[PDB]
Amino acid sequence: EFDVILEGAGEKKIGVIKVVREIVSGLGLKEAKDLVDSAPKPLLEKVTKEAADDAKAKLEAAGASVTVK
Amino acid sequence: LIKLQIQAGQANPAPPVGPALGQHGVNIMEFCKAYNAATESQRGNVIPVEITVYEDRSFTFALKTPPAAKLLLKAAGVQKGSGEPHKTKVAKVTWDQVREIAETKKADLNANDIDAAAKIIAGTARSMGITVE
Amino acid sequence: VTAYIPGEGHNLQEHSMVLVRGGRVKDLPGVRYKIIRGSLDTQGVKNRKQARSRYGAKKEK
Amino acid sequence: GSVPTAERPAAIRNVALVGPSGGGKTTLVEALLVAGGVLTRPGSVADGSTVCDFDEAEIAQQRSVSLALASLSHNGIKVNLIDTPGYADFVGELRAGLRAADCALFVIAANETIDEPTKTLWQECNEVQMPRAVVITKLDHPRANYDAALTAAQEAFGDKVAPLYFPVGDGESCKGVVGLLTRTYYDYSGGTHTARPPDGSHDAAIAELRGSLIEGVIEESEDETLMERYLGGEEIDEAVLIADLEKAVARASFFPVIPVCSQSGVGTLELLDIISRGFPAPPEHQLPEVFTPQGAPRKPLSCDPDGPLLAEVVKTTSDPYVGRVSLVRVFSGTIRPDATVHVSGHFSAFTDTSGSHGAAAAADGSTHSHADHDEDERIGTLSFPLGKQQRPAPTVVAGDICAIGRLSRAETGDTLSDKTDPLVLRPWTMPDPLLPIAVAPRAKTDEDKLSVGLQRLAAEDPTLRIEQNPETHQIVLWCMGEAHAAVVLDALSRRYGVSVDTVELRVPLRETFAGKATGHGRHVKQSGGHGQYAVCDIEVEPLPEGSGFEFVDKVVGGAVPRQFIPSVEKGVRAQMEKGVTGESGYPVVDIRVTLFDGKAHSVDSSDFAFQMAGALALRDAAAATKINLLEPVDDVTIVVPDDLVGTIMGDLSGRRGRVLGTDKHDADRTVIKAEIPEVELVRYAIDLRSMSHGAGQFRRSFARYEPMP
Ligand SMILES: Nc1nc2c(ncn2[C@@H]2O[C@H](COP(=O)(O)OP(=O)(O)NP(=O)(O)O)[C@@H](O)[C@H]2O)c(=O)[nH]1
């Protein structure tokens, strides 16, 4: 049971939004754009450790500042 | 707060899980996929699941050991239990299978010693009409 | 009146609109009229190719 | 009033107003037209002075059972007010109304909440991709709560539903509404529409509503940066916000909430502005796909009068003097007086998919079963339907909905286009009636005109499936319920003057045996010279269902010349057809015969003697043994929530419904399969609507026959 929290966007905003859409289904360019802008929504909850750290690696590769315990 | 016994290899059943899961706000699809993954890793027999609920509608699944009745059925090699227990015997089990199921029930149960689970499974075999030897 | 229905196949079921015509048939002693094929509810007979106009069947394509 | 005139589809709106039974759509349309100058004063169906509720049955039952069209062009944009019935028994009328329009409006009550039939209506209106704008009415009632209805709408159909105008009033006689995007409250304390900036009583609440609406609209809008600018310290430009709202409506993804005081005219002008600006244009609207005659794909026609011709007839009327006036749903091309178009009957092969027992494709009419037709006709008189009156118009541009009089072949859904390039617009979902009711024609002229009357009815209501049973030669009418059957009977006894006699529905039954039996057939008939003496012995046993009729001949010695055995078989078949259950038998099916003895004479007995011998032999065999009466069983599709599972399937114990599985559609809805003989399915519609409280539908499919117990 892990909750993923994203802290910023950076210089790679488009890639961050795309990868955020890839991680969790149901978000568009605009909804996830607003989410990473601020809109603090806890996207995924109680996910497994492998999902958490793969999302961490993908988001960091996208230029996003994410924290995974 | 409900519990069910359901086949391992298939999710979204018609009779047992559907309506009871539905009237509790549990997401059907996510539970189905997670249970199917766990039961494809298991691949032994059907598994019983307990449903625990929260106020935030999040669902947690509790997966126990394979049912003792089903384990005795596979150990005796027969599929359907005896229609007249203690009056007609369909199969016989040696103590190796009974003790393996006793270790299973030790892992899943409150029993302090394997002998307690062995006598539990012997009682189950009596209930089915299956001799323990 | 009783009217004969020419052709091999007729769609007519009980109490449907038709168009009767004069005509004699020996085999039926009391029949004096014929039903025109291809008018009102009556359908021109199917698979008909020769002497088509008598049976109300359209030309093939 | 003045005729609404538009010369471009983007200046035309096609709105099929939808709502529950007791929706007040007719009064709302009257108020909208009174605002637009079509009517001087608004009428009420209670008085009977309305426009849409012109039919006799609408006044008779005090609720809209037949659709109507009202035309009104304000601010240069033509708005077509298509009122639609809300009753469950007229789902096809509303389906056709949607299919002949580019927009839909949900008009509900503020003092009453949403019931399951209206939930099903919203579900269907979703799977057509129609932008639905929520209209809150019945504000005059003391129990009216716009906020409660809006909260329930935002809870049920997602948070995407966002209010556009927020009313300000006492809750009984509301004094007006607030313009959120426009920052302008419209007061009616004097009875006149005064667009003014709000005094500031709820200025914080006004700002909250504006921000919520902006986030709901911008998040769907193309420009991602709009929300960032709004949150960055800049107030978004009003024109940009209005354009975003129009575009969001155009995607059929946004559901604005527009409360209207239909009792006092408050909310009418703003709703008209909403229609004029936010509604998608028919060229931008997703037109129904257009089929070539043989099924090859074709791009949908451009919604332009300059483009190729395209239209569709979706209604039909009647008149003593003038004739038939049929509505036309024009998608493309220019309609001009005294022109020739193509009248296509859906090319019923497209709608030939299944159809239950009757295989209803389009317009039925067993004499001309399925539409499937191609007709080229000169058009009659152009007109715009305004209740019983029809306003003529010189030209019909693309996207507009018109009605032509003096027609003969026009039927509901008949695609109209150029006769050189004929077209079949995709037929909408056609609901099969599931309540077969038998009738009998009192006189000959009654049924002789009944064919024409039912063809006209299908031209008005294709949901009426008709299939005349050939076995008992009694016409059988299928309906959706008491409302549909009542409307059909009223129109039949009034619109064409046909006297009717309702009779019990007849269902057939067969004969099969229970075990092996032997039969003896003797023929003796004095003739004087060459004998007439036949003694046949047979042996008949039952056969499994579908195994047909098996005949075996085992005459020892060959006393019967071989040309007489077919006469024996013919007599056996005749006895099977007449029946063997006592003296009032039924056609025997699925039995095997073994004729193992015979005798003959050649000169006299050609066929009849051995036919009678075989009939007596089969009578002797079947009387000695047992027999069975076979009735049919069908597969039943039942989808009810988890709570109605027990309430239904326990009653099926008294209704002999054997369950096979309670498949889980999702959380609550559960798919139930059971095989029930058609005996119990005679009145299941009313019973179902009773037990499920108007929240139950079913399907029926014939499976096989079963012995009767
Ligand atoms: N008390 C009250 N009666 C209303 C209201 N709106 C309509 N009615 C009543 O309902 C009848 C016609 O209105 P309504 O049912 O909404 O329109 P309809 O065309 O008959 N039905 P539908 O809305 O489904 O098309 C009349 O008897 C009228 O008095 C309302 O807000 N309050």
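Quick note: structure is the one above.
Residues numbered from 1 in each chain as written, not as in the entry; some residues may be left out. Chains lettered and ligands numbered in written order. Part of a larger assembly, values for the part shown. Heavy atoms only, no water.

Caption draft 1: Spotlight on the overall build of chain D. Along chain D, the regular secondary structure elements total 16 helices and 34 strands. In terms of its C-alpha atoms, chain D occupies a principal-axis envelope of roughly 120 × 60 × 50 Å. The buried share of chain D, reckoned over its 709 residues, is 52%. Summarising the internal contacts of chain D: among those between residues at least 6 apart in sequence, 72% fall at separations of at least 24. Carbon and sulfur atoms make up 51% of the accessible area of chain D, which amounts to about 31300 Å² in all. (Helix = DSSP H or I, 4+ residues; strand = E, 2+ residues; numbered from the N terminus. Buried < 20%, exposed > 50% of the residue type's maximum accessible area, 1.4 Å probe, protein only. Contact = heavy atoms within 4.5 Å. Areas by Shrake-Rupley, 256 points an atom, 1.4 Å probe, with all protein chains shown as cover.)

Caption draft 2: Geometry of the interface of chain A and chain D. The interface is formed by five residues belonging to chain A together with seven residues belonging to chain D. In total, chain A and chain D occlude about 620 Å² of area from one another, counting both sides; carbon and sulfur atoms represent 55% of this. When the buried area of chain A at its contact with chain D is split by residue, A:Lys30, A:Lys33 and A:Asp34 rank highest and sum to 75% of it. Taken together, chain A and chain D are joined by one salt bridge. The salt bridge involving A:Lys33 is made with D:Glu228; its shortest N-O contact spans 3.5 Å. At the junction of chain A and chain D, the tally comes to one residue pair in polar contact. Tallied by class, the residues present in the side of chain A that touches chain D amount to one nonpolar, no polar and four charged. (Buried area = accessible area lost by both parts, 1.4 Å probe. Salt bridge = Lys/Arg side-chain N within 4 Å of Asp/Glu carboxyl O. Polar contact = N/O pair within 3.5 Å; in protein donor to acceptor, adjacent residues only side chain to side chain. Nonpolar A, V, L, I, M, F, W, Y, C, P; charged D, E, K, R; others polar.)

Caption draft 3: Broad picture of unusual backbone geometry. Positive phi is not limited to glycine here, since B:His86 has a value of about 70°. Mapped onto the secondary structure, B:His86 falls in the loop between α3 (68-76) and β4 (92-93). What makes B:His86 exposed here is its relative accessible area of 60%. Non-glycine residue D:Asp364 carries a positive phi angle of around 40°. Within the element layout of this structure, D:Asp364 appears in the loop between β15 (340-344) and β16 (374-378). Taking the relative accessible area as the measure of exposure, D:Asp364 reaches 5% and is therefore buried.

Caption draft 4: Quick peek at the interface of chain D and chain B. Taken together, the contact between chain D and chain B spans eight residues of the former and nine residues of the latter. Summed over both partners, the interface of chain D with chain B comes to about 600 Å²; 59% of that surface belongs to carbon and sulfur atoms. At the surface where chain D touches chain B, the tally comes to zero salt bridges. Considering each element in turn, the side of chain D that touches chain B owes the most residues, four residues, to strand β32 (residues 658-664) of chain D.

Caption draft 5: Structural view of the site of the ligand. All names here are of chain D. Neighbouring the ligand are 17 residues; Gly23, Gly24, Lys25, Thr26 and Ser64 lie closest to it. Taking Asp140, its side chain carries an N or O atom lying 3.3 Å from an oxygen atom of the ligand. Considered on its own, the ligand offers 620 Å² of accessible surface; in the complex 76% of this is hidden by protein. Split into classes, the residues belonging to the shell around the ligand amount to three nonpolar, eight polar and six charged. (Near = heavy atom within 4 Å.)

Caption draft 6: Molecular detail of the arrangement of the chains. Counting contacts across all four pairs of chains that touch, the top-ranked interface belongs to chains B and D. A gap remains between chain B and chain C, with no contact made and the closest C-alpha atoms lying 47 Å from each other.

Caption draft 7: A look at the side chain of D:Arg324. Residues and elements named next belong to chain D. For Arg324, the position within the fold is in the loop between β13 (310-313) and β14 (325-329). For the buried residue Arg324, which engages in no salt bridge, the nearest side chain bearing the opposite charge is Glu411, 6.8 Å off. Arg324 has contacts with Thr316, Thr317, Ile404, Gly405, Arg406, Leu407, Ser408, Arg409, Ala410 and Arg456, leaving out every residue within four places of it along the chain. (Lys, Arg positive; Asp, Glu negative; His and termini not counted.)

Caption draft 8: Focus on the packing of aromatic side chains. Applying the stated rule across the entire model yields 13 aromatic pairs over all chains. Centre to centre, the rings of D:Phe564 and D:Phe610 are 5.2 Å apart; their planes meet at 20°, and the pair counts as stacked. Of this pair, D:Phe564 sits in the loop between β29 (550-553) and α12 (565-578) while D:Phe610 sits in helix α13 (residues 608-624), placing them 46 residues apart in sequence. Ring geometry for D:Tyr684 against D:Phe698: centres 5.5 Å apart, planes inclined by 80°, an arrangement best described as edge-to-face. Residue D:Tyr684 is found in helix α16 (residues 684-691), and its partner D:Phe698 is found in strand β34 (residues 698-707); the two are separated by 14 residues along the sequence. D:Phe698 shares its class with D:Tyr684; the two are buried. Feature note: the residues B:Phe31, B:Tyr35, B:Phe59 and B:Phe61 constitute an aromatic cluster, connected by ring pairs. Note that C:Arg48 overlies the ring of C:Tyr55, its terminal NZ or CZ placed 3.9 Å from the centroid. Note that D:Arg465 overlies the ring of D:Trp478, its terminal NZ or CZ placed 3.7 Å from the centroid. (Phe/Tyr/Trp six-rings, centres within 6.5 Å; stacked < 30°, edge-to-face > 60°. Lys NZ or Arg CZ within 6 Å of the ring centre and 35° of its normal.)

Caption draft 9: Broad picture of the environment of D:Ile82. Residues and elements named next belong to chain D. Relative to the elements of secondary structure, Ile82 occurs in strand β3 (residues 77-83). Each C-alpha atom, one on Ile82 and one on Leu67, is 7.1 Å from the other, the two residues being 15 residues apart in sequence. Setting aside residues up to four positions removed in sequence, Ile82 forms contacts with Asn14, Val15, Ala16, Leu17, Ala68, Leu69, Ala100, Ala101 and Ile401.

Caption draft 10: Summary view of the sheet that holds strand β28 (residues 533-542) of chain D. Residue and element names in this part refer to chain D. Strand order across the open sheet formed by four strands is β27-β28-β30-β29, with mixed pairing between neighbours. With one partner strand each, in any of the chains shown, β27 (517-524) and β29 form the two edges of the open sheet. Averaged over all adjacent pairs, the angle separating strand axes in this sheet is 20°, with direction ignored. As defined by bridge partners, β29 adjoins strand β30 (residues 591-595) across four bridges and the pair is classed as parallel. By the bridge assignment for β30, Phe551 is matched with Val593. Contacts from α13 reach β27 and β28, with the element oriented near 145° to β27. (Pairing = 2+ DSSP bridges. Axes fitted to C-alpha atoms, helices over the stretch in contact; angles between N-to-C directions.)

Caption draft 11: Spatial organisation of the layout of surface pockets. Taken as a whole, the second largest pocket holds about 1500 Å³ of empty space. Residue lining of the second largest pocket: 49 residues in total, with C:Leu40, C:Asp41, C:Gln43, D:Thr367 and D:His368 positioned closest to the centre. At the level of secondary structure, the elements contributing two or more residues to the lining of the second largest pocket comprise α10 (444-460) and β23 (466-469) of chain D. Considering every element that reaches the lining of the second largest pocket, the biggest residue donor is α10(D), with eight residues. (1 Å grid on protein atoms, 1.4 Å probe; cavity = no way out; pocket = protein on both sides within 12 Å on 5 of 7 lines; lining within 4 Å. Points joined across faces, edges and corners; volume = space filled by probe spheres on them.)

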